[PDB]
$ cat structure04.txt   # compact mmCIF, C-alpha atoms and all ligand atoms
# COMPACT_ATOMS: atom_id res chain seq x y z
CA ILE A 1 -10.99 -3.17 -1.84
CA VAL A 2 -13.53 -5.21 -3.82
CA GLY A 3 -14.92 -8.42 -2.36
CA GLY A 4 -13.26 -7.92 1.00
CA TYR A 5 -14.46 -7.59 4.57
CA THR A 6 -14.54 -4.89 7.24
CA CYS A 7 -11.20 -5.22 9.04
CA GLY A 8 -12.36 -3.93 12.39
CA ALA A 9 -11.17 -0.75 14.11
CA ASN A 10 -7.38 -0.59 14.44
CA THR A 11 -6.78 -4.25 13.59
CA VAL A 12 -4.24 -3.15 10.96
CA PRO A 13 -2.13 -0.76 13.14
CA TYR A 14 0.47 -0.06 10.44
CA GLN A 15 -2.07 1.21 7.89
CA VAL A 16 -1.96 4.94 7.24
CA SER A 17 -4.02 7.30 5.13
CA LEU A 18 -2.32 9.97 3.03
CA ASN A 19 -4.41 13.15 3.16
CA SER A 20 -4.21 16.32 1.06
CA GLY A 21 -7.56 17.72 2.14
CA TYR A 22 -9.05 14.29 1.46
CA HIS A 23 -7.84 10.67 1.46
CA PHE A 24 -6.02 9.85 -1.79
CA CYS A 25 -3.67 6.93 -1.01
CA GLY A 26 -2.67 4.41 1.59
CA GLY A 27 0.72 3.75 3.12
CA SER A 28 2.53 1.67 5.73
CA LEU A 29 4.33 2.82 8.88
CA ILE A 30 7.75 1.12 9.02
CA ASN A 31 9.10 2.97 12.07
CA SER A 32 8.11 5.93 14.26
CA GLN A 33 9.10 8.51 11.64
CA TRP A 34 8.86 6.87 8.21
CA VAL A 35 6.06 5.73 5.93
CA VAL A 36 6.34 3.71 2.72
CA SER A 37 3.85 4.22 -0.10
CA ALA A 38 3.64 4.14 -3.89
CA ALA A 39 5.61 6.59 -6.01
CA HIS A 40 2.53 7.29 -8.13
CA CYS A 41 0.91 8.67 -4.97
CA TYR A 42 3.43 11.51 -4.86
CA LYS A 43 2.27 15.08 -4.27
CA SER A 44 3.24 18.03 -2.09
CA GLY A 45 1.53 19.03 1.14
CA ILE A 46 0.87 15.52 2.45
CA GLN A 47 -0.51 14.92 5.94
CA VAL A 48 -0.12 11.38 7.27
CA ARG A 49 -3.05 10.06 9.29
CA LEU A 50 -2.40 7.17 11.66
CA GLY A 51 -4.71 5.12 13.87
CA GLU A 52 -7.62 5.65 11.48
CA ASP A 53 -10.66 3.47 10.91
CA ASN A 54 -13.48 5.71 9.68
CA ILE A 55 -11.63 8.45 7.76
CA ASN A 56 -14.58 10.84 8.10
CA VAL A 57 -15.04 10.63 11.88
CA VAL A 58 -12.52 11.46 14.62
CA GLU A 59 -12.83 8.47 16.96
CA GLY A 60 -10.02 9.16 19.41
CA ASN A 61 -7.08 6.98 18.36
CA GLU A 62 -5.81 9.12 15.48
CA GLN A 63 -2.52 10.93 15.05
CA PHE A 64 -2.21 13.50 12.26
CA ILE A 65 1.37 14.32 11.32
CA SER A 66 2.58 16.40 8.37
CA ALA A 67 5.29 15.09 6.07
CA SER A 68 8.66 16.85 6.24
CA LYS A 69 10.11 15.23 3.13
CA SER A 70 9.15 12.81 0.38
CA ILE A 71 11.59 10.61 -1.51
CA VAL A 72 10.49 8.93 -4.73
CA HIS A 73 12.62 5.98 -5.85
CA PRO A 74 15.46 7.20 -8.09
CA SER A 75 14.40 4.83 -10.88
CA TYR A 76 10.63 5.28 -10.75
CA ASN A 77 9.09 5.20 -14.23
CA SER A 78 5.61 6.75 -14.32
CA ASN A 79 4.76 5.16 -17.67
CA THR A 80 5.52 1.55 -16.76
CA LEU A 81 5.15 1.96 -12.99
CA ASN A 82 8.42 0.07 -12.50
CA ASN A 83 9.92 0.90 -9.07
CA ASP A 84 6.59 2.26 -7.79
CA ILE A 85 7.73 3.07 -4.28
CA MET A 86 8.41 6.16 -2.20
CA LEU A 87 9.36 7.06 1.36
CA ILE A 88 7.77 9.78 3.46
CA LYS A 89 9.39 11.18 6.59
CA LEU A 90 7.12 12.58 9.31
CA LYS A 91 7.82 16.01 10.82
CA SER A 92 7.68 14.37 14.24
CA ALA A 93 7.81 10.78 15.49
CA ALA A 94 4.49 9.02 15.93
CA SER A 95 3.51 7.67 19.34
CA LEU A 96 3.53 3.89 18.97
CA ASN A 97 0.98 1.73 20.79
CA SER A 98 -1.31 -1.26 20.21
CA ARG A 99 -3.43 0.69 17.70
CA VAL A 100 -0.55 2.48 15.97
CA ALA A 101 2.42 0.25 15.22
CA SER A 102 5.11 -0.30 12.61
CA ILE A 103 5.31 -3.27 10.26
CA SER A 104 8.62 -5.07 9.78
CA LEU A 105 10.46 -5.10 6.47
CA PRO A 106 11.11 -8.52 4.92
CA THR A 107 14.45 -10.34 5.15
CA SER A 108 13.47 -12.59 2.24
CA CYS A 109 11.01 -12.49 -0.64
CA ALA A 110 7.66 -14.25 -0.36
CA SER A 111 6.95 -17.12 -2.74
CA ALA A 112 3.87 -17.80 -4.86
CA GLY A 113 1.13 -19.48 -2.85
CA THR A 114 1.75 -17.43 0.28
CA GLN A 115 -1.42 -15.85 1.67
CA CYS A 116 -1.31 -12.13 2.42
CA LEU A 117 -3.49 -9.38 3.86
CA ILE A 118 -4.28 -6.35 1.69
CA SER A 119 -6.09 -3.34 3.16
CA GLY A 120 -7.40 0.07 2.16
CA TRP A 121 -10.18 2.66 1.88
CA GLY A 122 -10.44 2.30 -1.89
CA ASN A 123 -13.40 1.69 -4.20
CA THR A 124 -15.41 -1.42 -3.33
CA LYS A 125 -17.02 -1.97 -6.74
CA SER A 126 -15.65 -3.43 -9.98
CA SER A 127 -18.36 -1.56 -11.87
CA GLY A 128 -19.43 1.85 -10.64
CA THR A 129 -18.13 3.75 -7.62
CA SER A 130 -18.61 3.35 -3.87
CA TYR A 131 -15.99 4.41 -1.36
CA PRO A 132 -16.23 3.01 2.18
CA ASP A 133 -15.52 5.17 5.18
CA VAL A 134 -14.06 2.29 7.20
CA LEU A 135 -10.97 0.18 6.45
CA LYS A 136 -11.55 -2.89 4.27
CA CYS A 137 -9.50 -6.10 4.31
CA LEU A 138 -8.77 -8.85 1.80
CA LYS A 139 -6.84 -12.09 2.11
CA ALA A 140 -5.24 -13.11 -1.16
CA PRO A 141 -2.46 -15.43 -2.32
CA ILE A 142 0.63 -14.38 -4.24
CA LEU A 143 0.40 -15.72 -7.79
CA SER A 144 3.18 -17.46 -9.70
CA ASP A 145 5.30 -15.19 -11.88
CA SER A 146 4.24 -17.23 -14.90
CA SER A 147 0.52 -16.62 -14.36
CA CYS A 148 1.26 -12.95 -13.66
CA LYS A 149 3.23 -12.51 -16.88
CA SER A 150 0.54 -14.36 -18.82
CA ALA A 151 -2.13 -12.00 -17.49
CA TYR A 152 -0.10 -8.90 -18.38
CA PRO A 153 2.13 -9.75 -21.38
CA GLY A 154 5.29 -7.64 -21.50
CA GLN A 155 4.30 -5.47 -18.53
CA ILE A 156 5.61 -7.33 -15.49
CA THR A 157 9.14 -6.56 -14.29
CA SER A 158 11.23 -8.28 -11.62
CA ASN A 159 10.06 -5.55 -9.22
CA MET A 160 6.41 -6.57 -9.42
CA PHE A 161 4.27 -9.50 -8.38
CA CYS A 162 0.62 -10.39 -8.80
CA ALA A 163 -1.70 -11.30 -5.96
CA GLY A 164 -5.40 -12.05 -6.02
CA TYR A 165 -7.74 -14.34 -7.92
CA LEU A 166 -7.73 -15.03 -11.65
CA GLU A 167 -11.47 -15.68 -11.41
CA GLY A 168 -11.93 -12.05 -10.38
CA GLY A 169 -14.35 -10.68 -7.81
CA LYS A 170 -11.70 -9.90 -5.18
CA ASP A 171 -8.97 -7.31 -5.67
CA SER A 172 -7.58 -3.97 -4.48
CA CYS A 173 -8.74 -0.87 -6.35
CA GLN A 174 -8.51 2.89 -6.90
CA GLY A 175 -7.90 4.52 -3.54
CA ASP A 176 -6.03 1.53 -2.13
CA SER A 177 -2.86 2.62 -3.94
CA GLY A 178 0.25 2.82 -1.79
CA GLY A 179 -1.33 0.46 0.72
CA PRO A 180 0.23 -2.62 2.36
CA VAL A 181 0.35 -6.26 1.35
CA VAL A 182 1.45 -8.10 4.47
CA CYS A 183 2.42 -11.76 4.47
CA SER A 184 3.63 -13.67 7.52
CA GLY A 185 3.85 -10.44 9.50
CA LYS A 186 6.15 -8.72 7.01
CA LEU A 187 5.52 -6.01 4.42
CA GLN A 188 5.95 -7.76 1.06
CA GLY A 189 4.05 -5.47 -1.28
CA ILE A 190 2.62 -2.06 -2.07
CA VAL A 191 -0.69 -1.64 -3.95
CA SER A 192 0.47 -0.42 -7.36
CA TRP A 193 -1.68 -1.11 -10.42
CA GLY A 194 -3.92 -3.38 -12.46
CA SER A 195 -6.43 -3.27 -15.30
CA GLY A 196 -9.70 -2.17 -13.76
CA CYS A 197 -10.63 -3.89 -10.49
CA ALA A 198 -11.56 -7.49 -9.73
CA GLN A 199 -11.74 -8.29 -13.45
CA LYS A 200 -11.37 -11.87 -14.69
CA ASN A 201 -7.74 -12.75 -15.53
CA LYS A 202 -6.58 -9.30 -14.41
CA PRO A 203 -5.19 -9.66 -10.87
CA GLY A 204 -3.67 -6.80 -8.92
CA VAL A 205 -0.01 -5.92 -9.49
CA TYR A 206 2.12 -5.01 -6.49
CA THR A 207 5.53 -3.47 -5.88
CA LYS A 208 7.93 -6.17 -4.66
CA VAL A 209 9.25 -4.64 -1.43
CA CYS A 210 11.92 -7.27 -0.74
CA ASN A 211 13.91 -5.84 -3.69
CA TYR A 212 14.08 -2.44 -1.97
CA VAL A 213 15.13 -3.23 1.59
CA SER A 214 18.70 -2.00 1.06
CA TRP A 215 17.55 1.27 -0.52
CA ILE A 216 14.98 1.82 2.23
CA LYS A 217 17.47 1.15 5.03
CA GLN A 218 20.23 3.34 3.62
CA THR A 219 17.84 6.17 2.80
CA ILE A 220 16.37 6.18 6.31
CA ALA A 221 19.86 6.14 7.82
CA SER A 222 20.91 9.33 6.01
CA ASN A 223 17.74 11.45 6.08
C1 LIG A 301 -5.99 3.62 -10.12
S1 LIG A 301 -4.50 2.65 -9.74
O1 LIG A 301 -3.56 2.71 -10.84
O2 LIG A 301 -3.88 3.22 -8.56
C2 LIG A 301 -4.97 0.97 -9.43
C3 LIG A 301 -4.73 0.35 -8.16
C4 LIG A 301 -5.12 -1.00 -7.94
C5 LIG A 301 -5.76 -1.76 -8.97
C6 LIG A 301 -6.19 -3.22 -8.74
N1 LIG A 301 -6.51 -3.86 -10.00
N2 LIG A 301 -5.22 -4.05 -8.01
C7 LIG A 301 -6.00 -1.13 -10.23
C8 LIG A 301 -5.61 0.22 -10.46
CA CA A 302 -11.07 8.71 12.15
$ encode --input "structure04.txt" --output "structure tokens"
Amino acid sequence: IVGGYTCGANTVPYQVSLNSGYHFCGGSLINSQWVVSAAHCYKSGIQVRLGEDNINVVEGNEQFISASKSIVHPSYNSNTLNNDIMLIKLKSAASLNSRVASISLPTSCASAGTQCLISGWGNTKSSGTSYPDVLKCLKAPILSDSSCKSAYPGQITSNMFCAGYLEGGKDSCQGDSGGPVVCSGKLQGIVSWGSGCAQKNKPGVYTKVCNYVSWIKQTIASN
């Protein structure tokens, strides 16, 4: 997260870190046994880490649970990043509390102008590299589809939306991938892609979760 602020320990209870010997992507807990992330974050041997703040220091509120199965969206396209979403089932149910909680799925899509909360342990610089150890937060509005399409000609599908600032300076970044975009207490997006980070006229592009509620629900009900 570039241009954000320190969230505060466990203030984003649904945020999870995907670990494969090191943090490589974020994710969101949607129930005691399932996590939603980005399809481009796929890999084998994933351990889900919940209740984390400083990913390099065990503070006492963490829960480390291995993944039992990963399900990438059937129509995921790695070249265009269309349908960049995947589900991860935990080997065992997480213990839910005030510091580890699930985030509700949306019943309707969020409209442009709505303010959302984006979070992650990704790079904090637009130029250079600096990874924080604690969770960073960023409040950003959803942009109109017209401004999004104008920023990325011929690259935005109906399953994507832009959020951020056209002026640049504030945006999600490498390492925040798979992370949540929460608006009005509902999960509306997944950190997916963008050109660089916090660049002028290049806002972040996010997976539009509201288009996948049916797939998510039916998949969880049969696996
Ligand atoms: C490295 S990545 O493709 O995951 C990526 C993730 C986020 C952004 C940001 N501009 N919103 C840019 C790139
Ligand atoms: Ca920790």
$ closest_residue --input "structure04.txt" --among "A:110, A:163, A:90, A:220" --to "residue 18 of chain A" --atoms "all atoms listed in the file"
A:90
$ closest_residue --input "structure04.txt" --among "A:69, A:139, A:89, A:23" --to "ligand CA 302 (chain A)" --atoms "all atoms listed in the file"
A:23
$ closest_residue --input "structure04.txt" --among "A:191, A:183, A:94, A:135" --to "ligand CA 302 (chain A)" --atoms "all atoms listed in the file"
A:135
$ residues_near_ligand --input "structure04.txt" --ligand "ligand LIG 301 (chain A)" --cutoff "8 Å" --atoms "only C-alpha atoms and all ligand atoms" --output "PDB file with C-alpha atoms, in the coordinates of the input"
ATOM      1  CA  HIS A  40       2.530   7.290  -8.130  1.00  0.00           C
ATOM      2  CA  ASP A 171      -8.970  -7.310  -5.670  1.00  0.00           C
ATOM      3  CA  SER A 172      -7.580  -3.970  -4.480  1.00  0.00           C
ATOM      4  CA  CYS A 173      -8.740  -0.870  -6.350  1.00  0.00           C
ATOM      5  CA  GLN A 174      -8.510   2.890  -6.900  1.00  0.00           C
ATOM      6  CA  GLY A 175      -7.900   4.520  -3.540  1.00  0.00           C
ATOM      7  CA  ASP A 176      -6.030   1.530  -2.130  1.00  0.00           C
ATOM      8  CA  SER A 177      -2.860   2.620  -3.940  1.00  0.00           C
ATOM      9  CA  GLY A 178       0.250   2.820  -1.790  1.00  0.00           C
ATOM     10  CA  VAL A 191      -0.690  -1.640  -3.950  1.00  0.00           C
ATOM     11  CA  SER A 192       0.470  -0.420  -7.360  1.00  0.00           C
ATOM     12  CA  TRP A 193      -1.680  -1.110 -10.420  1.00  0.00           C
ATOM     13  CA  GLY A 194      -3.920  -3.380 -12.460  1.00  0.00           C
ATOM     14  CA  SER A 195      -6.430  -3.270 -15.300  1.00  0.00           C
ATOM     15  CA  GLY A 196      -9.700  -2.170 -13.760  1.00  0.00           C
ATOM     16  CA  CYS A 197     -10.630  -3.890 -10.490  1.00  0.00           C
ATOM     17  CA  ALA A 198     -11.560  -7.490  -9.730  1.00  0.00           C
ATOM     18  CA  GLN A 199     -11.740  -8.290 -13.450  1.00  0.00           C
ATOM     19  CA  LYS A 202      -6.580  -9.300 -14.410  1.00  0.00           C
ATOM     20  CA  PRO A 203      -5.190  -9.660 -10.870  1.00  0.00           C
ATOM     21  CA  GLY A 204      -3.670  -6.800  -8.920  1.00  0.00           C
ATOM     22  CA  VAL A 205      -0.010  -5.920  -9.490  1.00  0.00           C
ATOM     23  CA  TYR A 206       2.120  -5.010  -6.490  1.00  0.00           C
TER      24      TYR A 206
END
$ closest_residue --input "structure04.txt" --among "A:12, A:81, A:140, A:57" --to "ligand CA 302 (chain A)" --atoms "all atoms listed in the file"
A:57
$ residues_near_ligand --input "structure04.txt" --ligand "ligand CA 302 (chain A)" --cutoff "7 Å" --atoms "all atoms listed in the file" --output "ChimeraX atom specification"
/A:52-59,62
$ closest_atom_pairs --input "structure04.txt" --of "segment 54-90 of chain A" --to "segment 150-156 of chain A" --cutoff "12 Å" --atoms "all atoms listed in the file" --output "CSV"
residue,atom,partner,partner_atom,distance
A:79,CA,A:155,CA,10.7
A:80,CA,A:155,CA,7.3
A:81,CA,A:155,CA,9.3
A:82,CA,A:156,CA,8.5
A:83,CA,A:156,CA,11.3
$ closest_residue --input "structure04.txt" --among "A:16, A:112, A:35, A:105" --to "residue 210 of chain A" --atoms "only C-alpha atoms"
A:105
$ closest_residue --input "structure04.txt" --among "A:180, A:106, A:164, A:128" --to "residue 200 of chain A" --atoms "only C-alpha atoms"
A:164
$ residues_around --input "structure04.txt" --residues "residue 185 of chain A" --least-positions-apart "2" --cutoff "9 Å" --atoms "only C-alpha atoms" --output "number ranges by chain"
A: 103-104, 106, 116, 182-183, 187
$ atom_distance --input "structure04.txt" --atom1 "atom CA of residue 211 of chain A" --atom2 "atom CA of residue 49 of chain A"
26.6 Å
$ residues_around --input "structure04.txt" --residues "residue 212 of chain A" --least-positions-apart "3" --cutoff "12 Å" --atoms "all atoms listed in the file" --output "list in words"
residues 36, 73, 74, 75, 83, 84, 85, 86, 87, 105, 106, 107, 108, 109, 158, 159, 160, 187, 188, 189, 190, 207, 208, 209, 215, 216, 217, 218 and 219 of chain A
$ write_last_selection --input "structure04.txt" --atoms "C-alpha atoms" --output "JSON list (two decimals), in the coordinates of the input"
[["chain", "number", "residue", "atom", "x", "y", "z"],
["A", 36, "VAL", "CA", 6.34, 3.71, 2.72],
["A", 73, "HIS", "CA", 12.62, 5.98, -5.85],
["A", 74, "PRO", "CA", 15.46, 7.20, -8.09],
["A", 75, "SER", "CA", 14.40, 4.83, -10.88],
["A", 83, "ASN", "CA", 9.92, 0.90, -9.07],
["A", 84, "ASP", "CA", 6.59, 2.26, -7.79],
["A", 85, "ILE", "CA", 7.73, 3.07, -4.28],
["A", 86, "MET", "CA", 8.41, 6.16, -2.20],
["A", 87, "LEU", "CA", 9.36, 7.06, 1.36],
["A", 105, "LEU", "CA", 10.46, -5.10, 6.47],
["A", 106, "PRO", "CA", 11.11, -8.52, 4.92],
["A", 107, "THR", "CA", 14.45, -10.34, 5.15],
["A", 108, "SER", "CA", 13.47, -12.59, 2.24],
["A", 109, "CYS", "CA", 11.01, -12.49, -0.64],
["A", 158, "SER", "CA", 11.23, -8.28, -11.62],
["A", 159, "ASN", "CA", 10.06, -5.55, -9.22],
["A", 160, "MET", "CA", 6.41, -6.57, -9.42],
["A", 187, "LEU", "CA", 5.52, -6.01, 4.42],
["A", 188, "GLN", "CA", 5.95, -7.76, 1.06],
["A", 189, "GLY", "CA", 4.05, -5.47, -1.28],
["A", 190, "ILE", "CA", 2.62, -2.06, -2.07],
["A", 207, "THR", "CA", 5.53, -3.47, -5.88],
["A", 208, "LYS", "CA", 7.93, -6.17, -4.66],
["A", 209, "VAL", "CA", 9.25, -4.64, -1.43],
["A", 215, "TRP", "CA", 17.55, 1.27, -0.52],
["A", 216, "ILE", "CA", 14.98, 1.82, 2.23],
["A", 217, "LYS", "CA", 17.47, 1.15, 5.03],
["A", 218, "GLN", "CA", 20.23, 3.34, 3.62],
["A", 219, "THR", "CA", 17.84, 6.17, 2.80]]
$ atom_distance --input "structure04.txt" --atom1 "atom CA of residue 1 of chain A" --atom2 "atom CA of residue 146 of chain A"
24.5 Å
$ residues_near_point --input "structure04.txt" --point "(0.0, 1.3, 8.3)" --cutoff "7 Å" --atoms "all atoms listed in the file" --output "MDAnalysis selection string"
chainID A and resid 12:16 27:29 102
$ residues_around --input "structure04.txt" --residues "residue 93 of chain A" --least-positions-apart "2" --cutoff "8 Å" --atoms "all atoms listed in the file" --output "mmCIF file with C-alpha atoms, in the frame of the given file"
data_model
loop_
_atom_site.group_PDB
_atom_site.id
_atom_site.type_symbol
_atom_site.label_atom_id
_atom_site.label_comp_id
_atom_site.auth_asym_id
_atom_site.auth_seq_id
_atom_site.Cartn_x
_atom_site.Cartn_y
_atom_site.Cartn_z
ATOM 1 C CA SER A 32 8.110 5.930 14.260
ATOM 2 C CA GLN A 33 9.100 8.510 11.640
ATOM 3 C CA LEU A 90 7.120 12.580 9.310
ATOM 4 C CA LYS A 91 7.820 16.010 10.820
ATOM 5 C CA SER A 95 3.510 7.670 19.340
#
$ atom_distance --input "structure04.txt" --atom1 "atom CA of residue 51 of chain A" --atom2 "atom CA of residue 138 of chain A"
18.9 Å
$ axis_aligned_box --input "structure04.txt" --around "segment 153-161 of chain A" --padding-each-side "5 Å" --output "AutoDock Vina command-line options"
--center_x 6.7 --center_y -7.6 --center_z -14.9 --size_x 19.1 --size_y 14.3 --size_z 23.1
$ residues_near_point --input "structure04.txt" --point "(5.0, 13.3, 2.3)" --cutoff "6 Å" --atoms "all atoms listed in the file" --output "list in words"
residues 46, 67, 69, 70 and 88 of chain A
$ build_atoms --input "structure04.txt" --residues "segment 173-198 of chain A" --atoms "N, CA and C atoms" --output "mmCIF file, in the coordinates of the input"
data_model
loop_
_atom_site.group_PDB
_atom_site.id
_atom_site.type_symbol
_atom_site.label_atom_id
_atom_site.label_comp_id
_atom_site.auth_asym_id
_atom_site.auth_seq_id
_atom_site.Cartn_x
_atom_site.Cartn_y
_atom_site.Cartn_z
ATOM 1 N N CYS A 173 -8.206 -1.761 -5.329
ATOM 2 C CA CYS A 173 -8.740 -0.870 -6.350
ATOM 3 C C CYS A 173 -8.272 0.574 -6.161
ATOM 4 N N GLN A 174 -8.831 1.471 -6.965
ATOM 5 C CA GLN A 174 -8.510 2.890 -6.900
ATOM 6 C C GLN A 174 -8.753 3.370 -5.476
ATOM 7 N N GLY A 175 -7.760 4.035 -4.899
ATOM 8 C CA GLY A 175 -7.900 4.520 -3.540
ATOM 9 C C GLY A 175 -7.126 3.650 -2.570
ATOM 10 N N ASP A 176 -6.801 2.429 -2.983
ATOM 11 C CA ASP A 176 -6.030 1.530 -2.130
ATOM 12 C C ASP A 176 -4.542 1.696 -2.434
ATOM 13 N N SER A 177 -4.239 2.391 -3.526
ATOM 14 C CA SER A 177 -2.860 2.620 -3.940
ATOM 15 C C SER A 177 -1.939 3.047 -2.809
ATOM 16 N N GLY A 178 -0.732 2.487 -2.803
ATOM 17 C CA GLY A 178 0.250 2.820 -1.790
ATOM 18 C C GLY A 178 0.110 1.977 -0.532
ATOM 19 N N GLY A 179 -1.025 1.292 -0.433
ATOM 20 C CA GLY A 179 -1.330 0.460 0.720
ATOM 21 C C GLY A 179 -0.467 -0.776 0.889
ATOM 22 N N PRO A 180 -0.556 -1.422 2.057
ATOM 23 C CA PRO A 180 0.230 -2.620 2.360
ATOM 24 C C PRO A 180 -0.311 -3.966 1.909
ATOM 25 N N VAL A 181 0.630 -4.873 1.679
ATOM 26 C CA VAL A 181 0.350 -6.260 1.350
ATOM 27 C C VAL A 181 1.270 -6.919 2.357
ATOM 28 N N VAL A 182 0.680 -7.467 3.412
ATOM 29 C CA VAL A 182 1.450 -8.100 4.470
ATOM 30 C C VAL A 182 1.290 -9.607 4.457
ATOM 31 N N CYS A 183 2.417 -10.306 4.487
ATOM 32 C CA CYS A 183 2.420 -11.760 4.470
ATOM 33 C C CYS A 183 3.349 -12.241 5.572
ATOM 34 N N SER A 184 2.846 -13.128 6.423
ATOM 35 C CA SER A 184 3.630 -13.670 7.520
ATOM 36 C C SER A 184 4.205 -12.580 8.426
ATOM 37 N N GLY A 185 3.424 -11.525 8.633
ATOM 38 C CA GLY A 185 3.850 -10.440 9.500
ATOM 39 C C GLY A 185 4.892 -9.492 8.936
ATOM 40 N N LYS A 186 5.163 -9.586 7.639
ATOM 41 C CA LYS A 186 6.150 -8.720 7.010
ATOM 42 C C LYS A 186 5.548 -7.990 5.818
ATOM 43 N N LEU A 187 6.024 -6.779 5.552
ATOM 44 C CA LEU A 187 5.520 -6.010 4.420
ATOM 45 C C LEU A 187 6.181 -6.530 3.138
ATOM 46 N N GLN A 188 5.410 -7.206 2.293
ATOM 47 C CA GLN A 188 5.950 -7.760 1.060
ATOM 48 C C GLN A 188 5.553 -6.986 -0.191
ATOM 49 N N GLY A 189 4.477 -6.214 -0.107
ATOM 50 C CA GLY A 189 4.050 -5.470 -1.280
ATOM 51 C C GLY A 189 3.388 -4.137 -1.026
ATOM 52 N N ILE A 190 3.253 -3.369 -2.103
ATOM 53 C CA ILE A 190 2.620 -2.060 -2.070
ATOM 54 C C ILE A 190 1.604 -2.080 -3.211
ATOM 55 N N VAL A 191 0.368 -1.675 -2.928
ATOM 56 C CA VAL A 191 -0.690 -1.640 -3.950
ATOM 57 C C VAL A 191 -0.224 -0.698 -5.055
ATOM 58 N N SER A 192 -0.038 -1.232 -6.257
ATOM 59 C CA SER A 192 0.470 -0.420 -7.360
ATOM 60 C C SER A 192 -0.478 -0.209 -8.540
ATOM 61 N N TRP A 193 -0.792 -1.267 -9.278
ATOM 62 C CA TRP A 193 -1.680 -1.110 -10.420
ATOM 63 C C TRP A 193 -2.445 -2.366 -10.819
ATOM 64 N N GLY A 194 -3.143 -2.265 -11.945
ATOM 65 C CA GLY A 194 -3.920 -3.380 -12.460
ATOM 66 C C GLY A 194 -4.877 -2.834 -13.503
ATOM 67 N N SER A 195 -5.485 -3.713 -14.288
ATOM 68 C CA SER A 195 -6.430 -3.270 -15.300
ATOM 69 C C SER A 195 -7.824 -3.346 -14.701
ATOM 70 N N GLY A 196 -8.389 -2.189 -14.372
ATOM 71 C CA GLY A 196 -9.700 -2.170 -13.760
ATOM 72 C C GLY A 196 -9.568 -2.757 -12.367
ATOM 73 N N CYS A 197 -10.657 -3.294 -11.825
ATOM 74 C CA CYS A 197 -10.630 -3.890 -10.490
ATOM 75 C C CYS A 197 -11.463 -5.156 -10.438
ATOM 76 N N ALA A 198 -10.881 -6.213 -9.883
ATOM 77 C CA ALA A 198 -11.560 -7.490 -9.730
ATOM 78 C C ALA A 198 -12.045 -8.090 -11.045
#
